[PDB]
Structure formats: C-alpha cells, structure tokens
Amino acid sequence: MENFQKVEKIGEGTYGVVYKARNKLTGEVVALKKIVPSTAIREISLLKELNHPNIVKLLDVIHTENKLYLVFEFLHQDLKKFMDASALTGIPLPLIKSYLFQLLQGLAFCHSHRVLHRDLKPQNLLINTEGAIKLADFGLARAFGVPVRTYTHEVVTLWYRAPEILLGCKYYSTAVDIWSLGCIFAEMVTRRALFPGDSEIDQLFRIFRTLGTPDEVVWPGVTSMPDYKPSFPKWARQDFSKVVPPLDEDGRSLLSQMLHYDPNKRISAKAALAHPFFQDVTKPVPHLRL
Ligand SMILES: Cc1nc(C)c(-c2ccnc(N/C=N\O)n2)s1
C-alpha cells in the first residue's frame, strides 16, 4: 500500500472512492479504489484471472488491516463525462455503434463465465484516446453489495436498474446487464437519460409510462413478484419511434429487444452481436479533451 503515491481523485464509487495513483515501484499509473470478510476476497480475487480487451483490468488486490485496496489499470475518461462533453454536438453514430459493439463483446465474455455486473452506468464505462471502451467495477456487486446510502454519504442511481430487480426478484441473471446497457445506448443517442427515476417507484412508473404497465400477457409470473402491486396504474406502451429518435430501425429493433420486460425474452449479449445493427460496424476514434 505504501507503494503508491496519490495524485488526484478520479471520483467516488458506491463502496469506496477512486484515486489515480503513481506506482512508486513500477512507476505505472493505476486506478486505486479503497474499500473485511474472507468470502469477498476469494471472490474479488477470482476476478483477477478474468481478462478481456473490454474489461477494465484488476491488476492486483491488496488487503491491509481491514482496509481493502483494488488496483486497476487507468483510463483517462469515463462515458458519463465524455457525454457531458458531447451534449451540444453528441457522440457520432459510428462511435455509438462501436461503443455498444465492444461493450457487448465484453458483456458476452463476462456473462460467458457467468459474471454479472449488477450495476452498469456511464460512470463505470471507461474510454481511451485510441477508441476503446471498457467495463469497470464488474463482478464487484457480488462481493458485498450496497448500503442504504453510500460511502460518499450519498445515494446510488436507479436509472439503469432492470424491473425484475426493482420488483423484488432476488435471483436475477445476466439479463439485468443487457437492460442497463440498453438504457445507456438510448442515452448516447438522445443525450438524455431514458428513465431518470428519483426513487424505486418513480423508476418503475417512469418505465411503465414508456413500455406500458406489465402483466402476465407480456411478462409471465410478473404478478407473483415480491414488490409487484395489483394496484399499479395501467399505462399504455408508447411508440418507440418517440423514445430514441433519430435512431434507425435497426437500432430501435435492437433496443426494443434489450428492454423486453421478461428477462428470458430479453436479447442476450452473444445474440446482440449478430443483430443487423452491427452490419456496418467500424472503429472510429473519439475526440477527448485531456
Ligand atoms: C468510478 C470508477 N471506477 C473505476 C474503476 C474508475 C476508473 C478506472 C480507470 N481509470 C479511471 N480514470 C478516469 N479518469 O481519469 N477511472 S472510475
């Protein structure tokens, strides 16, 4: 731990602040996240062996006097920022399409080894001047979870949370990740969050008012879920043409499938890569201001 010299604060996570750190030894620049039991360790240690070009590498795990340290490779920017930096113009489609392609490539990899992220948001997606984007804090939800607030004495984000999770399902699959990504995808195209809910019920209803209130017809077993309430308002499904304009039909189709209520009907990572939308996929370069 005394092998790193803090430089600045890359930000604050839901369970620990992130710092950019100089590696006294190698002298390499790394992302250091401070955070305990043994089960977690065995788990987060297992993540070290998991590596993919689009999965932000967990270089080394460091546990000292009940003070956990995650050492990650460093990337200079996250999508949340890059987006704020492109709100006026907007990310070019070719970059959106590639960013989604690579993201699923990664998702496909993790899910393949049955590793869910549970909490994908732009802020956990990192990019480099070379045109690549990677997933960060992946598989960390399994190790621990989330309090009532956060370490930073605040509150997380529900905006990208799937409905099964919002409805009480305690045994959710990889499908939840596809939902989050699909939301992100939509944000990239419109430059505004899809379901910016400010509470679980707001989150749910906001989702209801766009895709209609679910039921056994489109989501078999939906009424038997823990937090499902028969008294839910019955909204009608809005036209997707009004949701992600001006995205083309290939996009709307692909998105529609990433947002199917029924998790098992929801499109998978491996499958999304073969969807017509990636017929003309390339690898543009971003224009980050460092
Ligand atoms: C929240 C974050 N979680 C991780 C793992 C982050 C991260 C990872 C790599 N590089 C960076 N740096 C971003 N800007 O300087 N941030 S930011």
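Structure determination for this entry is recorded as X-ray crystallography, at 2.80 Å resolution.

The name given to the protein chain in the PDB entry is Cell division protein kinase 2, with Homo sapiens as the source organism.

This paragraph deals with the domain arrangement of the protein chain. When the domains of the protein chain are assigned, the result is domain 1 (1-76) and domain 2 (77-289). Its C-alpha centre places domain 1 at a distance of 25 Å from the equivalent point of domain 2. For the pairing of domain 1 and domain 2, the buried interface totals around 2,300 Å² over both sides, and the portion due to carbon and sulfur atoms is 66%. If you sort the residues of domain 1 by the area they bury against domain 2, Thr14, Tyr15 and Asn54 come out on top, with a joint share of 28%. Across the domain 1-domain 2 interface, the total number found is two salt bridges. Across the pair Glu73 and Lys134 runs a salt bridge whose closest N-O atoms are separated by 3.0 Å. For the interface between domain 1 and domain 2, the tally reads 10 residue pairs in polar contact. If you list the elements that add at least two residues to the side of domain 1 that touches domain 2, you get strand 1 (5-13), helix 1 (39-46) and strand 5 (67-73). Tallied by class, the residues present in the side of domain 1 that touches domain 2 amount to 14 nonpolar, seven polar and four charged.

Reading across the sheet, the five strands line up as 1-2-3-5-4 and stay open at both edges, with antiparallel pairing between neighbours. Since the sheet does not close on itself, it has two edges, and those belong to strand 1 and strand 4 (58-64), each with one partner. Here the average twist between neighbouring strands, direction ignored, is 25°. Where strand 3 (residues 29-34) and strand 5 come together, five bridges link them in antiparallel fashion. From the neighbouring strand, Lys33 faces strand 5, where its bridge partner is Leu70.

Near the ligand, the surroundings consist of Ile10, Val18, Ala31, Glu73, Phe74, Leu75, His76, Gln77, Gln123, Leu126, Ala136 and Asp137. A distance of 2.5 Å is found between a nitrogen atom of the ligand and a backbone nitrogen or oxygen belonging to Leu75. A distance of 3.0 Å separates a nitrogen atom of the ligand from a polar atom in the backbone of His76. Protein burial of the ligand: of its 430 Å² of free accessible surface, 92% is covered by the chains. Here the shell around the ligand is composed, by residue class, of seven nonpolar, three polar and two charged. Mapping the shell around the ligand onto the domain boundaries places at least three of its residues in each of domain 1 (1-76) and domain 2 (77-289).

Procedures and definitions
Residues numbered from 1 in each chain as written, not as in the entry; some residues may be left out. Heavy atoms only, no water. Domains from an automatic or database assignment. Buried area = accessible area lost by both parts, 1.4 Å probe. Salt bridge = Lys/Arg side-chain N within 4 Å of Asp/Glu carboxyl O. Polar contact = N/O pair within 3.5 Å; in protein donor to acceptor, adjacent residues only side chain to side chain. Helix = DSSP H or I, 4+ residues; strand = E, 2+ residues; numbered from the N terminus. Nonpolar A, V, L, I, M, F, W, Y, C, P; charged D, E, K, R; others polar. Pairing = 2+ DSSP bridges. Axes fitted to C-alpha atoms, helices over the stretch in contact; angles between N-to-C directions. Near = heavy atom within 4 Å. Areas by Shrake-Rupley, 256 points an atom, 1.4 Å probe, with all protein chains shown as cover.

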